[PDB]
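As structure tokens, the structure follows; a few thoughts come after it.
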Amino acid sequence: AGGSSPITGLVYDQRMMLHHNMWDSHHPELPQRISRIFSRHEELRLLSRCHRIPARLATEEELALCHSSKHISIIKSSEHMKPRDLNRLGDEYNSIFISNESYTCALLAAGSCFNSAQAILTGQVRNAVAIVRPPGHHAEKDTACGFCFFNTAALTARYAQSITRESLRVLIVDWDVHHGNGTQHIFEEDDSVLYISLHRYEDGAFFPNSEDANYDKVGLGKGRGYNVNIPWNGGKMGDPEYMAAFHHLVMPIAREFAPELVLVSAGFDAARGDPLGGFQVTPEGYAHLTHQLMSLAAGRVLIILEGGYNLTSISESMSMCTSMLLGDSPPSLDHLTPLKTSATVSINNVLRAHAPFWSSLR
Ligand SMILES: O=C(NO)c1ccc(C[N+]2=c3ccccc3=[SH]c3cccnc32)cc1
Ligand SMILES: [K+]
Ligand SMILES: [K+]
Ligand SMILES: [Zn+2]
């Protein structure tokens, strides 16, 4: 009564470390990714400031919100498979490794986010951070892809609608350096879930190597205008470019959409130091992206870990985000390189594509 200071949730469970690559212990999608981030939260005295949200398993019925019965069944069967067959099954997909613990970990990643979304939407917490693996955004309705088995962010959007209202407007912002092909396709015809992705594109030569990630992909049917791809070509982008895309595109569209819940597909592989992305976003940059998103949806933001492969970089970057969620003042941008010419070209292409659908851009 009379109001109270908002609460930030945090979910992290050591069981999700059990998923591993038994043939290549140096695969970039390391168990230590989540434990290193969690450990960094302890060092910075952030953990004791958060309300700890328990993990749980997703149910098979919940997985069916976005995935086919065949795909659920095949991944489910892998918990009991012998080593020879786990390799063959993983090799049936584009860049997937599987262990006997993989299925359970994917359930825990989804269920952790379901509990966090439920806590946000019932007012137990204002916002939350989800330190989960394996990632989700490359997972399609009928197939796994790119280290992802089930589409955690997409599943969380549908779960939120199931416990509130079907038309509940969910914004998913995907700032992982890779395009979230799976999230886009699930919602491509859906005007109740706005998907905005920023990603390295290089004319379709960057993973996942599909022209579906280009700016002219605006959605289908009633979903026209509700899929916003911001593709980067020719240059290692960093804080200046992401701040410009947010100023000119992400925030105007989002504010016009007026989301009631914000999910962040928060990969940190666009971070300085990341050997898969080649970009230059700093921890302070991620903090400012988080702070701008906190102005939406009455502050109902859920940050879901996706990719990010430099353990030091992801730990500092993700901890910067939680600090913002807790209400700390955003840090000053040390460096401020003039923006790249090619980032303006990309931004202007998206503007000319989405101006027919959004008055805030005209
Ligand atoms: O989910 C990601 N990030 O968040 C993600 C998903 C798939 C890939 C594919 N893959 C790999 C795959 C395994 C180990 C190292 C690499 S390097 C690379 C370069 C160019 C194309 N594919 C590549 C990469 C990243
Ligand atoms: K992305
Ligand atoms: K959409
Ligand atoms: Zn990625």
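Labeling convention for the structure tokens: chains A, B, ... as they appear, residues from 1 per chain, ligands from 1 in order of appearance.
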_Residue list (strand (DSSP E), DSSP) for region 97-190 of chain A, as a list in words_ = residues 127, 128, 129, 130, 131, 170, 171, 172, 173 and 174 of chain A
Let me see the file: selected residues, N, CA and C atoms, as a PDB file, in the first residue's frame.
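File produced: part_20.pdb:
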ATOM      1  N   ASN A 127      10.838  -5.981 -13.127  1.00  0.00           N
ATOM      2  CA  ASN A 127      11.660  -6.402 -14.249  1.00  0.00           C
ATOM      3  C   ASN A 127      12.515  -7.563 -13.773  1.00  0.00           C
ATOM      4  N   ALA A 128      13.257  -8.163 -14.698  1.00  0.00           N
ATOM      5  CA  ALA A 128      14.027  -9.340 -14.332  1.00  0.00           C
ATOM      6  C   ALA A 128      15.086  -9.612 -15.386  1.00  0.00           C
ATOM      7  N   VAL A 129      16.086 -10.387 -14.976  1.00  0.00           N
ATOM      8  CA  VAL A 129      17.204 -10.779 -15.822  1.00  0.00           C
ATOM      9  C   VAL A 129      17.300 -12.297 -15.762  1.00  0.00           C
ATOM     10  N   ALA A 130      17.488 -12.926 -16.919  1.00  0.00           N
ATOM     11  CA  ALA A 130      17.484 -14.381 -17.020  1.00  0.00           C
ATOM     12  C   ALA A 130      18.829 -14.870 -17.540  1.00  0.00           C
ATOM     13  N   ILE A 131      19.594 -15.527 -16.674  1.00  0.00           N
ATOM     14  CA  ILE A 131      20.941 -15.983 -17.005  1.00  0.00           C
ATOM     15  C   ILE A 131      20.785 -17.451 -17.386  1.00  0.00           C
ATOM     16  N   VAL A 170       3.521  -7.655 -26.967  1.00  0.00           N
ATOM     17  CA  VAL A 170       4.865  -7.984 -26.509  1.00  0.00           C
ATOM     18  C   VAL A 170       5.850  -7.434 -27.530  1.00  0.00           C
ATOM     19  N   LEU A 171       6.815  -6.645 -27.072  1.00  0.00           N
ATOM     20  CA  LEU A 171       7.939  -6.252 -27.911  1.00  0.00           C
ATOM     21  C   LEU A 171       9.129  -7.145 -27.590  1.00  0.00           C
ATOM     22  N   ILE A 172       9.711  -7.747 -28.624  1.00  0.00           N
ATOM     23  CA  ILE A 172      10.982  -8.456 -28.520  1.00  0.00           C
ATOM     24  C   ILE A 172      12.048  -7.644 -29.242  1.00  0.00           C
ATOM     25  N   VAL A 173      13.041  -7.171 -28.494  1.00  0.00           N
ATOM     26  CA  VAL A 173      14.213  -6.515 -29.062  1.00  0.00           C
ATOM     27  C   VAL A 173      15.380  -7.493 -29.020  1.00  0.00           C
ATOM     28  N   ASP A 174      15.954  -7.786 -30.183  1.00  0.00           N
ATOM     29  CA  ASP A 174      16.993  -8.805 -30.323  1.00  0.00           C
ATOM     30  C   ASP A 174      18.275  -8.083 -30.728  1.00  0.00           C
TER      31      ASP A 174
END
*For ligand 3, list the contacting residues at 9 Å or closer, counting only C-alpha atoms and all ligand atoms, as a ChimeraX atom specification.*
/A:171,183-196,218-220,223-228
*List all protein, DNA and RNA residues that have at least one atom no more than 12 Å from any atom of ligand 2, counting only C-alpha atoms and all ligand atoms, and write them as a VMD selection string.*
chain A and resid 136 to 138 153 172 to 184 195 to 201 206 to 208 213 to 214 227 to 232 242 264 to 270 277 306 to 308
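Nearest residue to residue 10 (chain A) among A:349, A:78, A:161, A:322 is A:322, counting only C-alpha atoms.
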*If you measure from CA of residue 210 (chain A) to CA of residue 303 (chain A), what distance in Å do you get, rounded to one decimal?*
26.0 Å
*Using DSSP on the backbone coordinates, identify the residues of region 214-352 of chain A assigned to helix (DSSP H, G or I); present them as a PyMOL selection string.*
chain A and resi 221-223+239-257+283-293+297-299+311-325+341-352
